[PDB]
Every structure is written in C-alpha cells, then in structure tokens.
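Read the structure below first, then the notes.
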Amino acid sequence: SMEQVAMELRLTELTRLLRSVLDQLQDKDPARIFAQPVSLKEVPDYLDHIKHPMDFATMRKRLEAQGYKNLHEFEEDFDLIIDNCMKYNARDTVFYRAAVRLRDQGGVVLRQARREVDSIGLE
C-alpha cells in the first residue's frame, strides 16, 4: 500500500538521522573504549555482572537493519553502553571516566536530536 511505503520512508529517514547521531556520539569516544563488545575472552565473567551488553558496533548493526523504530529505542542502547561501564568499572578507572565524559557530551547531541525527530515527525 501507499501508506506502508510512506511509513518505510519515514523509518529510512529516521535511520538517516540516527546514523548521523551515532557518528557524533562516537566522536565523543576518541579512545574507542566503547567501539566494540567487551571481550568475553579478556573478561570471562562479564555476563555474570552485565545482563545486557552493548557497544557502538552492535548499535550500528541494529541501525542498518532499521531496527530502531524511534529515538527512545536508540537512546536505550546508548544508555546501556554508559550504565554497563559505570557499574562494572570503579569510579577511579579510565573506563568509568570515559563513560562519564561520553554521557555528558552526548546529552547535547541527543537533546537536539529529539527536537529534530519531533519537528520533522520521524516517528
């Protein structure tokens, strides 16, 4: 139907916006601490601690499958990256501190992203 096509156009344009948002968020992680899944070879007990692992590569895979239906779903996964890190790693580690910086700098990006999604009506 024409309606289904219109919906799919909106999802494609949401995906375009979120791809830009993801690129901007990842730029706030120049150390690439969050670029890839935590290695279960290097951290064998990770899943005992963290029940829903997340990272930027995994987000990008979901994004390109158009698996984010709205900004909230995307934000949920971004928050997982940060929240997982701040629980597994202690306050005085380079890992925890990187997550704090990513959270703070990311907030700016996500604030304007929400305005764009609402205004354009992408969800």
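By order of appearance in the structure tokens: chains A, B, ..., then residues from 1 within every chain, and ligands from 1 in the order shown.
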Within 8 Å of stretch 11-14 of chain A, which residues of stretch 40-120 of chain A show up? Give each one with its shortest atom-to-atom distance in Å (one decimal) and the two atoms involved, counting only C-alpha atoms, rows by chain then rising residue number, as a tab-separated table.
```
residue	atom	partner	partner_atom	distance
A:66	CA	A:11	CA	7.2
A:69	CA	A:11	CA	6.9
A:70	CA	A:14	CA	7.5
A:117	CA	A:14	CA	7.5
```
**Request:** Name all residues at most 12 Å from residue A:21 (count only C-alpha atoms; drop same-chain ones fewer than 5 positions away) and give them as a VMD selection string.
**Result:** chain A and resid 14 to 16 26 to 28 56 59 to 60 63 71 74 to 75 78 106 to 114 116 to 117
Produce a file of the selected residues containing N, CA and C atoms, as a short mmCIF file (atom, residue, chain, number, x, y, z; two decimals), in the first residue's frame.
```
data_model
loop_
_atom_site.label_atom_id
_atom_site.label_comp_id
_atom_site.auth_asym_id
_atom_site.auth_seq_id
_atom_site.Cartn_x
_atom_site.Cartn_y
_atom_site.Cartn_z
N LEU A 14 14.43 8.32 9.54
CA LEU A 14 14.83 8.23 10.95
C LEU A 14 16.20 7.59 11.04
N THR A 15 16.37 6.50 10.29
CA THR A 15 17.63 5.77 10.24
C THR A 15 18.76 6.70 9.78
N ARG A 16 18.49 7.57 8.81
CA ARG A 16 19.48 8.54 8.35
C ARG A 16 19.88 9.50 9.47
N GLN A 26 29.83 8.77 18.79
CA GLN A 26 31.05 8.00 18.77
C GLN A 26 32.28 8.91 18.72
N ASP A 27 32.15 10.07 18.07
CA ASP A 27 33.24 11.05 18.05
C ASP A 27 33.60 11.54 19.46
N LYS A 28 32.68 11.37 20.41
CA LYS A 28 32.92 11.75 21.80
C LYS A 28 33.62 10.62 22.56
N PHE A 56 29.07 0.38 20.43
CA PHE A 56 28.70 1.12 19.22
C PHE A 56 28.58 0.24 17.97
N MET A 59 25.21 -1.45 18.04
CA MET A 59 24.19 -0.45 17.72
C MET A 59 24.13 -0.22 16.22
N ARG A 60 25.29 -0.13 15.59
CA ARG A 60 25.35 0.17 14.16
C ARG A 60 24.74 -0.97 13.34
N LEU A 63 21.06 -0.55 13.66
CA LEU A 63 20.68 0.65 12.91
C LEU A 63 20.52 0.37 11.43
N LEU A 71 13.46 7.18 18.48
CA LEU A 71 14.67 7.64 19.16
C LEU A 71 14.84 7.00 20.54
N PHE A 74 16.82 3.82 20.46
CA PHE A 74 18.22 4.15 20.21
C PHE A 74 18.87 4.65 21.50
N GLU A 75 18.21 5.58 22.18
CA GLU A 75 18.73 6.09 23.45
C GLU A 75 18.89 5.01 24.53
N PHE A 78 22.16 3.40 23.86
CA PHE A 78 23.27 4.29 24.24
C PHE A 78 23.45 4.31 25.76
N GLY A 106 27.38 13.61 25.16
CA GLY A 106 26.32 13.03 24.35
C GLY A 106 24.96 13.66 24.59
N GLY A 107 24.74 14.14 25.81
CA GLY A 107 23.48 14.76 26.17
C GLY A 107 23.11 15.92 25.27
N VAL A 108 24.11 16.70 24.89
CA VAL A 108 23.93 17.83 23.99
C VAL A 108 23.36 17.38 22.65
N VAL A 109 24.01 16.36 22.09
CA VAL A 109 23.65 15.79 20.80
C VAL A 109 22.24 15.20 20.83
N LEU A 110 21.94 14.45 21.87
CA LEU A 110 20.64 13.79 21.99
C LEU A 110 19.51 14.78 22.24
N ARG A 111 19.81 15.89 22.90
CA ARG A 111 18.81 16.92 23.15
C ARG A 111 18.32 17.53 21.83
N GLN A 112 19.24 17.81 20.92
CA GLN A 112 18.85 18.42 19.66
C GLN A 112 18.26 17.36 18.72
N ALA A 113 18.74 16.13 18.83
CA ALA A 113 18.20 15.03 18.04
C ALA A 113 16.71 14.83 18.32
N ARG A 114 16.33 14.93 19.60
CA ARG A 114 14.93 14.80 19.98
C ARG A 114 14.10 15.90 19.34
N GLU A 116 14.73 17.40 16.53
CA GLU A 116 14.66 17.16 15.09
C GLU A 116 13.66 16.07 14.74
N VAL A 117 13.66 15.01 15.54
CA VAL A 117 12.74 13.90 15.33
C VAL A 117 11.29 14.37 15.48
#
```
**Prompt:** Would you give me, as a ChimeraX atom specification, the residues in chain A that DSSP reads as helix (DSSP H, G or I)?
**Reply:** /A:2-26,46-49,56-64,71-88,94-120
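Between residue A:96 and the candidates A:119, A:36, A:20, A:84, the tightest atom-to-atom separation, counting only C-alpha atoms, involves A:84.
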**Request:** List the neighbours of stretch 38-55 of chain A out to 10 Å using only C-alpha atoms; skip same-chain residues closer than 3 positions along the sequence, and give me the result as a list in words.
**Result:** residues 33, 34, 35, 58, 59, 60, 77, 78, 79, 80, 81, 82, 83, 84, 85, 87 and 88 of chain A
Restricting the output to N, CA and C atoms, write the selected residues as a short mmCIF file (atom, residue, chain, number, x, y, z; two decimals), in the first residue's frame.
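Output below, filename selection.cif:
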```cif
data_model
loop_
_atom_site.label_atom_id
_atom_site.label_comp_id
_atom_site.auth_asym_id
_atom_site.auth_seq_id
_atom_site.Cartn_x
_atom_site.Cartn_y
_atom_site.Cartn_z
N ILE A 33 36.92 3.27 23.45
CA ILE A 33 36.65 2.39 24.58
C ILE A 33 35.32 1.65 24.39
N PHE A 34 34.37 2.28 23.68
CA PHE A 34 33.03 1.71 23.52
C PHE A 34 32.72 1.23 22.11
N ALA A 35 33.75 1.13 21.27
CA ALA A 35 33.56 0.81 19.87
C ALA A 35 33.10 -0.62 19.61
N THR A 58 27.56 -2.90 17.78
CA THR A 58 26.31 -3.63 17.88
C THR A 58 25.13 -2.70 17.57
N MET A 59 25.21 -1.45 18.04
CA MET A 59 24.19 -0.45 17.72
C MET A 59 24.13 -0.22 16.22
N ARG A 60 25.29 -0.13 15.59
CA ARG A 60 25.35 0.17 14.16
C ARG A 60 24.74 -0.97 13.34
N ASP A 77 19.76 1.93 24.08
CA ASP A 77 21.00 1.22 23.81
C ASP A 77 22.21 2.10 24.16
N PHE A 78 22.16 3.40 23.86
CA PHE A 78 23.27 4.29 24.24
C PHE A 78 23.45 4.31 25.76
N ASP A 79 22.34 4.41 26.49
CA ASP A 79 22.41 4.40 27.95
C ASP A 79 22.99 3.10 28.50
N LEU A 80 22.70 1.97 27.85
CA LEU A 80 23.28 0.69 28.25
C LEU A 80 24.81 0.73 28.18
N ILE A 81 25.35 1.29 27.10
CA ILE A 81 26.81 1.39 26.97
C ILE A 81 27.40 2.08 28.20
N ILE A 82 26.82 3.22 28.54
CA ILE A 82 27.30 4.03 29.65
C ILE A 82 27.05 3.37 31.00
N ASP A 83 25.82 2.91 31.21
CA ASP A 83 25.44 2.37 32.51
C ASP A 83 26.18 1.06 32.80
N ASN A 84 26.35 0.22 31.79
CA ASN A 84 27.11 -1.03 31.97
C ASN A 84 28.52 -0.72 32.44
N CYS A 85 29.13 0.26 31.80
CA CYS A 85 30.51 0.61 32.09
C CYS A 85 30.67 1.14 33.52
N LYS A 87 28.90 0.52 36.08
CA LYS A 87 28.71 -0.50 37.10
C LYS A 87 29.92 -1.45 37.15
N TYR A 88 30.38 -1.94 36.01
CA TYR A 88 31.47 -2.93 36.04
C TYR A 88 32.79 -2.34 36.50
#
```
**Distance criterion (only C-alpha atoms): nearest to residue A:98 out of A:65, A:31, A:25, A:18** =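 Distance minimum relative to residue A:98 lands on A:31.
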**Item:** Distance of atom CA of residue A:3 from atom CA of residue A:76, expressed in Å to one decimal place
**Value:**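 Separating atom CA of residue A:76 from atom CA of residue A:3 is a distance of 28.1 Å.
Between atom CA of residue A:10 and atom CA of residue A:122 the interatomic distance comes to 5.5 Å.
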**Prompt:** atom CA of residue A:22 and atom CA of residue A:8 are how many Å apart?
**Reply:** 20.4 Å
**Nearest to residue A:101 by atom-to-atom distance, counting only C-alpha atoms, from A:6, A:61, A:19, A:86** =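 The shortest atom-to-atom distance to residue A:101 comes from A:86.
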**Message:** Which residue is closest to residue A:120? Choose from A:5, A:17, A:92, A:64 and count only C-alpha atoms.
**Reply:**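 Looking at the shortest contact to residue A:120, the residue is A:17.
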